[PDB]
Amino acid sequence: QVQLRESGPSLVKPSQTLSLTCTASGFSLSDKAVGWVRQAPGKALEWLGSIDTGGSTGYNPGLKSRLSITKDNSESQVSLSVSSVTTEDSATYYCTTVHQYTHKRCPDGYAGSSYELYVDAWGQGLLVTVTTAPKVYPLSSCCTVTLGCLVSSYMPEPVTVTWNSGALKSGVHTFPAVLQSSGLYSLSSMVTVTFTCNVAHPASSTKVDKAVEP
Amino acid sequence: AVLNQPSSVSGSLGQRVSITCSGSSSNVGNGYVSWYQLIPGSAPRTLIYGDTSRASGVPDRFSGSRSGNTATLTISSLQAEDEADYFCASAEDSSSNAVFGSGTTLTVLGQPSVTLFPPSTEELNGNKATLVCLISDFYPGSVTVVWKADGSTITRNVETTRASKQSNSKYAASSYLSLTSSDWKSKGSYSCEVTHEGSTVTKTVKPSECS
């Protein structure tokens, strides 16, 4: 089918440029238009910009100065550049396909302009947070069974948790982290019944494997 | 800028509710509104585009309508599945510039367990210890976490996460007690007393009697 894979750094530092790449699998870039939409933590969806098929560009006027969007048909990828970032630009960034059309509107006998844009398909959203590797601890209960896999002290968000290389999809509940006073997150991923949980952290590029037994 | 929405709305289960989205004669007045559903943990899905047309896989229970400068999304037969943040949107001044709504928070009114973990043996080797109390599937999402040590209440190092929407329209949370291995053996018993609509579900672990 049609999906949009967002790829880029999940951490940037102030007064530098954040770059992202959207990989398009399932459709052509000379067939559909691509748009960028971000949501700030506690805010509304904010329009960023769009590039159609014909290579023309259009952005949110407030952020046109700091924005730039290009694409490469051959790689079937679209790029985004947000310059001179500040601590508020940390947000979830969604890659999307948009359908744009300027409808004309003349009187009822026969100029005018009525503009249309909407999002067709949404990406999944990677949260750029504007480095700390996690420490993994196995968990088991005191004397069905319940097994744990505690990820300890990591920055920035997020971490992706699986069990046995994606082969265990059952009874798993990954939890929302806590914001400790130290500013280091800590989340857990319970499983309820040779159990290795695989934890990855995109910022530190770390991948560890910790087995859990009672 | 942004479109006006009630930010917070409430309706009852199986009934009918309506979310207003009002703007100018340059955005909503042109009248090509879109609607979107954002459930936490999932991607935003497109609901209605061009005022009234429903998108792929969108049942006709979600009906888009418009009256001049105020578009209105109406959800018929509410379900727990429908609790989310709904955003409207229309283009302004160009085909390449969109504005979104503030987004309202849909609440379905009529709808009606915690495992406790000790710190890993590996963690106590750095003389650090972390009590993990994971609560899940309670509704609604208002829980009072109180740690208990030998009948007394603990205040230091209490770290609790806010309630979070799960896939099953249920709210789950996590609470962390970051201690050291020294005073972890000091008390004789530790209790994680969570309260949910007056009921107290308690999980307890004792340091010696757990190894």
# chains A, B, ... in the order shown; residues from 1 in each chain; ligands from 1
>>> residues_around(residues="stretch 44-52 of chain B", least_positions_apart="4", cutoff="10 Å", atoms="only C-alpha atoms", output="NGL selection string")
(:A and (94 or 116-125)) or (:B and (28 or 31-40 or 56-59 or 62-67 or 71-73 or 84-90))
>>> interface_residues(of="chain B", to="chain A", cutoff="8 Å", atoms="only C-alpha atoms", output="VMD selection string")
chain B and resid 30 to 34 42 to 46 49 87 89 to 103 115 to 120 122 to 123 134 159 to 161 164 172 to 176 205 209 to 210
>>> select_by_dssp(residues="chain B", states="strand (DSSP E)", output="ChimeraX atom specification")
/B:2-3,16-22,34-38,45-49,53-54,62-67,70-76,85-91,98-101,104-105,114-117,128-138,144-149,152-154,158-160,164-165,171-180,190-196,199-205
>>> atom_distance(atom1="atom CA of residue B:109", atom2="atom CA of residue B:196")
17.0 Å
>>> atom_distance(atom1="atom CA of residue A:90", atom2="atom CA of residue A:126")
10.6 Å
>>> residues_around(residues="residue B:192", least_positions_apart="4", cutoff="12 Å", atoms="only C-alpha atoms", output="PyMOL selection string")
chain B and resi 113-118+131-135+143-154+158+160+174-177+200-206
